[PDB]
Amino acid sequence: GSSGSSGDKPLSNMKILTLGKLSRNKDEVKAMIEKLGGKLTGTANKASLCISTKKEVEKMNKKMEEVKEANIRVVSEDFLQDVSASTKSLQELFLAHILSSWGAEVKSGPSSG
């Protein structure tokens, strides 16, 4: 067939990364990030967002490091629950659910918004 496109897709065209343990499961999340139009990834250097927990950002392990390296703002899971049920701007949403202190304009790769 061929039908069903153009809708509320914020993450639409965005690789979201996840770390530690979140309220939902990797799948439940991977689905959302995909439902929003985004896509869950494993690599941080190849991600636009990061959905982790304060604890994680606190751990600052190798995983979280990659995010810190790619200067990727880490937000909470509530973000997904908001991004879907929130008429706020990403930038705001992020800050409205920013778990990390970094994640700003920095040497990035392709793709922009």
# chains A, B, ... in the order shown; residues from 1 in each chain; ligands from 1
>>> residues_around(residues="residue A:52", least_positions_apart="3", cutoff="9 Å", atoms="only C-alpha atoms", output="ChimeraX atom specification")
/A:17-22,55-57,64,74-77,99
>>> closest_atom_pairs(of="stretch 55-95 of chain A", to="stretch 25-46 of chain A", cutoff="12 Å", atoms="only C-alpha atoms", output="JSON lines")
{"residue": "A:62", "atom": "CA", "partner": "A:44", "partner_atom": "CA", "distance": 10.4}
{"residue": "A:63", "atom": "CA", "partner": "A:44", "partner_atom": "CA", "distance": 7.7}
{"residue": "A:64", "atom": "CA", "partner": "A:44", "partner_atom": "CA", "distance": 8.2}
{"residue": "A:65", "atom": "CA", "partner": "A:44", "partner_atom": "CA", "distance": 8.7}
{"residue": "A:66", "atom": "CA", "partner": "A:44", "partner_atom": "CA", "distance": 5.4}
{"residue": "A:67", "atom": "CA", "partner": "A:44", "partner_atom": "CA", "distance": 5.1}
{"residue": "A:68", "atom": "CA", "partner": "A:44", "partner_atom": "CA", "distance": 8.7}
{"residue": "A:69", "atom": "CA", "partner": "A:45", "partner_atom": "CA", "distance": 7.4}
{"residue": "A:70", "atom": "CA", "partner": "A:45", "partner_atom": "CA", "distance": 5.2}
{"residue": "A:71", "atom": "CA", "partner": "A:45", "partner_atom": "CA", "distance": 8.6}
{"residue": "A:72", "atom": "CA", "partner": "A:44", "partner_atom": "CA", "distance": 7.7}
{"residue": "A:73", "atom": "CA", "partner": "A:44", "partner_atom": "CA", "distance": 10.7}
{"residue": "A:74", "atom": "CA", "partner": "A:44", "partner_atom": "CA", "distance": 10.6}
{"residue": "A:76", "atom": "CA", "partner": "A:29", "partner_atom": "CA", "distance": 11.6}
{"residue": "A:77", "atom": "CA", "partner": "A:29", "partner_atom": "CA", "distance": 8.4}
{"residue": "A:78", "atom": "CA", "partner": "A:29", "partner_atom": "CA", "distance": 10.9}
{"residue": "A:79", "atom": "CA", "partner": "A:33", "partner_atom": "CA", "distance": 10.4}
{"residue": "A:80", "atom": "CA", "partner": "A:32", "partner_atom": "CA", "distance": 7.1}
{"residue": "A:81", "atom": "CA", "partner": "A:32", "partner_atom": "CA", "distance": 8.8}
{"residue": "A:82", "atom": "CA", "partner": "A:36", "partner_atom": "CA", "distance": 10.8}
{"residue": "A:83", "atom": "CA", "partner": "A:36", "partner_atom": "CA", "distance": 7.9}
{"residue": "A:84", "atom": "CA", "partner": "A:36", "partner_atom": "CA", "distance": 6.9}
{"residue": "A:85", "atom": "CA", "partner": "A:36", "partner_atom": "CA", "distance": 10.7}
>>> select_by_dssp(residues="stretch 4-106 of chain A", states="helix (DSSP H, G or I)", output="VMD selection string")
chain A and resid 26 to 35 54 to 59 62 to 69 78 to 84 90 to 96
>>> write_last_selection(atoms="N, CA and C atoms", output="JSON list (two decimals), in the first residue's frame")
[["chain", "number", "residue", "atom", "x", "y", "z"],
["A", 26, "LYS", "N", 13.91, -0.43, 26.95],
["A", 26, "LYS", "CA", 14.62, -0.01, 25.76],
["A", 26, "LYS", "C", 13.68, -0.05, 24.56],
["A", 27, "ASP", "N", 12.89, -1.12, 24.51],
["A", 27, "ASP", "CA", 11.94, -1.29, 23.42],
["A", 27, "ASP", "C", 10.87, -0.21, 23.51],
["A", 28, "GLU", "N", 10.13, -0.23, 24.61],
["A", 28, "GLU", "CA", 9.08, 0.74, 24.82],
["A", 28, "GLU", "C", 9.55, 2.14, 24.43],
["A", 29, "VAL", "N", 10.82, 2.39, 24.69],
["A", 29, "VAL", "CA", 11.41, 3.68, 24.37],
["A", 29, "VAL", "C", 11.78, 3.71, 22.88],
["A", 30, "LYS", "N", 12.53, 2.70, 22.47],
["A", 30, "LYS", "CA", 12.96, 2.60, 21.09],
["A", 30, "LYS", "C", 11.75, 2.82, 20.17],
["A", 31, "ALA", "N", 10.60, 2.36, 20.65],
["A", 31, "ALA", "CA", 9.37, 2.49, 19.88],
["A", 31, "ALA", "C", 8.96, 3.97, 19.83],
["A", 32, "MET", "N", 8.92, 4.58, 21.01],
["A", 32, "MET", "CA", 8.55, 5.98, 21.11],
["A", 32, "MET", "C", 9.43, 6.85, 20.20],
["A", 33, "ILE", "N", 10.72, 6.83, 20.50],
["A", 33, "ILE", "CA", 11.67, 7.60, 19.72],
["A", 33, "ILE", "C", 11.39, 7.41, 18.23],
["A", 34, "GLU", "N", 10.84, 6.25, 17.91],
["A", 34, "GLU", "CA", 10.51, 5.92, 16.53],
["A", 34, "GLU", "C", 9.11, 6.44, 16.18],
["A", 35, "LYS", "N", 8.24, 6.42, 17.18],
["A", 35, "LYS", "CA", 6.88, 6.89, 16.99],
["A", 35, "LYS", "C", 6.88, 8.41, 16.79],
["A", 54, "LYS", "N", 19.75, 10.77, 36.03],
["A", 54, "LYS", "CA", 20.68, 11.59, 36.79],
["A", 54, "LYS", "C", 21.85, 10.71, 37.26],
["A", 55, "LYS", "N", 21.50, 9.54, 37.76],
["A", 55, "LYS", "CA", 22.51, 8.61, 38.24],
["A", 55, "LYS", "C", 23.55, 8.37, 37.15],
["A", 56, "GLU", "N", 23.05, 8.04, 35.96],
["A", 56, "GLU", "CA", 23.92, 7.79, 34.83],
["A", 56, "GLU", "C", 24.87, 8.97, 34.61],
["A", 57, "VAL", "N", 24.28, 10.10, 34.25],
["A", 57, "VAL", "CA", 25.06, 11.31, 34.01],
["A", 57, "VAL", "C", 26.06, 11.49, 35.15],
["A", 58, "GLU", "N", 25.70, 10.97, 36.31],
["A", 58, "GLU", "CA", 26.55, 11.07, 37.49],
["A", 58, "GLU", "C", 27.70, 10.07, 37.40],
["A", 59, "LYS", "N", 27.37, 8.89, 36.89],
["A", 59, "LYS", "CA", 28.36, 7.83, 36.75],
["A", 59, "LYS", "C", 29.49, 8.32, 35.83],
["A", 62, "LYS", "N", 32.05, 5.15, 30.44],
["A", 62, "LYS", "CA", 32.50, 5.24, 29.06],
["A", 62, "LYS", "C", 31.31, 5.59, 28.16],
["A", 63, "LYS", "N", 30.17, 4.97, 28.47],
["A", 63, "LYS", "CA", 28.96, 5.21, 27.71],
["A", 63, "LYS", "C", 28.61, 6.70, 27.76],
["A", 64, "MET", "N", 28.38, 7.17, 28.97],
["A", 64, "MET", "CA", 28.03, 8.57, 29.18],
["A", 64, "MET", "C", 29.13, 9.49, 28.63],
["A", 65, "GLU", "N", 30.35, 8.97, 28.64],
["A", 65, "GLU", "CA", 31.48, 9.74, 28.15],
["A", 65, "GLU", "C", 31.29, 10.09, 26.67],
["A", 66, "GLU", "N", 30.88, 9.09, 25.91],
["A", 66, "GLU", "CA", 30.65, 9.28, 24.48],
["A", 66, "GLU", "C", 29.69, 10.44, 24.25],
["A", 67, "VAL", "N", 28.69, 10.53, 25.12],
["A", 67, "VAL", "CA", 27.70, 11.58, 25.02],
["A", 67, "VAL", "C", 28.35, 12.93, 25.36],
["A", 68, "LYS", "N", 29.21, 12.89, 26.37],
["A", 68, "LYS", "CA", 29.91, 14.09, 26.80],
["A", 68, "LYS", "C", 30.89, 14.52, 25.71],
["A", 69, "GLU", "N", 31.43, 13.53, 25.01],
["A", 69, "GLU", "CA", 32.38, 13.79, 23.94],
["A", 69, "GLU", "C", 31.68, 14.46, 22.76],
["A", 78, "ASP", "N", 10.80, 11.45, 30.81],
["A", 78, "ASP", "CA", 9.61, 12.28, 30.81],
["A", 78, "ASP", "C", 9.56, 13.11, 29.53],
["A", 79, "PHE", "N", 10.74, 13.35, 28.97],
["A", 79, "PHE", "CA", 10.85, 14.12, 27.75],
["A", 79, "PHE", "C", 10.01, 13.50, 26.63],
["A", 80, "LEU", "N", 10.12, 12.18, 26.52],
["A", 80, "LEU", "CA", 9.38, 11.45, 25.50],
["A", 80, "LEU", "C", 7.88, 11.58, 25.78],
["A", 81, "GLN", "N", 7.55, 11.53, 27.06],
["A", 81, "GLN", "CA", 6.16, 11.63, 27.47],
["A", 81, "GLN", "C", 5.64, 13.05, 27.23],
["A", 82, "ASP", "N", 6.57, 13.99, 27.14],
["A", 82, "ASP", "CA", 6.22, 15.38, 26.92],
["A", 82, "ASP", "C", 6.26, 15.67, 25.41],
["A", 83, "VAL", "N", 7.40, 15.37, 24.81],
["A", 83, "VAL", "CA", 7.58, 15.60, 23.39],
["A", 83, "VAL", "C", 6.33, 15.11, 22.64],
["A", 84, "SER", "N", 5.70, 14.09, 23.21],
["A", 84, "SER", "CA", 4.51, 13.53, 22.61],
["A", 84, "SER", "C", 3.27, 14.26, 23.13],
["A", 90, "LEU", "N", 11.54, 21.90, 21.34],
["A", 90, "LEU", "CA", 12.55, 20.93, 21.72],
["A", 90, "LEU", "C", 13.55, 21.59, 22.67],
["A", 91, "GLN", "N", 14.20, 22.63, 22.17],
["A", 91, "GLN", "CA", 15.18, 23.35, 22.96],
["A", 91, "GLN", "C", 14.68, 23.52, 24.40],
["A", 92, "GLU", "N", 13.44, 23.99, 24.51],
["A", 92, "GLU", "CA", 12.83, 24.20, 25.81],
["A", 92, "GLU", "C", 12.63, 22.86, 26.52],
["A", 93, "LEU", "N", 11.96, 21.95, 25.83],
["A", 93, "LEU", "CA", 11.68, 20.64, 26.38],
["A", 93, "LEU", "C", 12.97, 20.07, 26.98],
["A", 94, "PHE", "N", 14.03, 20.13, 26.20],
["A", 94, "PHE", "CA", 15.32, 19.63, 26.65],
["A", 94, "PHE", "C", 15.72, 20.26, 27.98],
["A", 95, "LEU", "N", 15.71, 21.58, 28.00],
["A", 95, "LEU", "CA", 16.07, 22.32, 29.20],
["A", 95, "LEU", "C", 15.03, 22.04, 30.29],
["A", 96, "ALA", "N", 13.82, 21.74, 29.85],
["A", 96, "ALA", "CA", 12.73, 21.46, 30.77],
["A", 96, "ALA", "C", 12.90, 20.04, 31.33]]
>>> select_by_dssp(residues="stretch 28-106 of chain A", states="strand (DSSP E)", output="list in words")
residues 39, 40, 41, 49, 50, 51, 74 and 75 of chain A
>>> closest_residue(among="A:16, A:60, A:11, A:50", to="residue A:98", atoms="only C-alpha atoms")
A:50
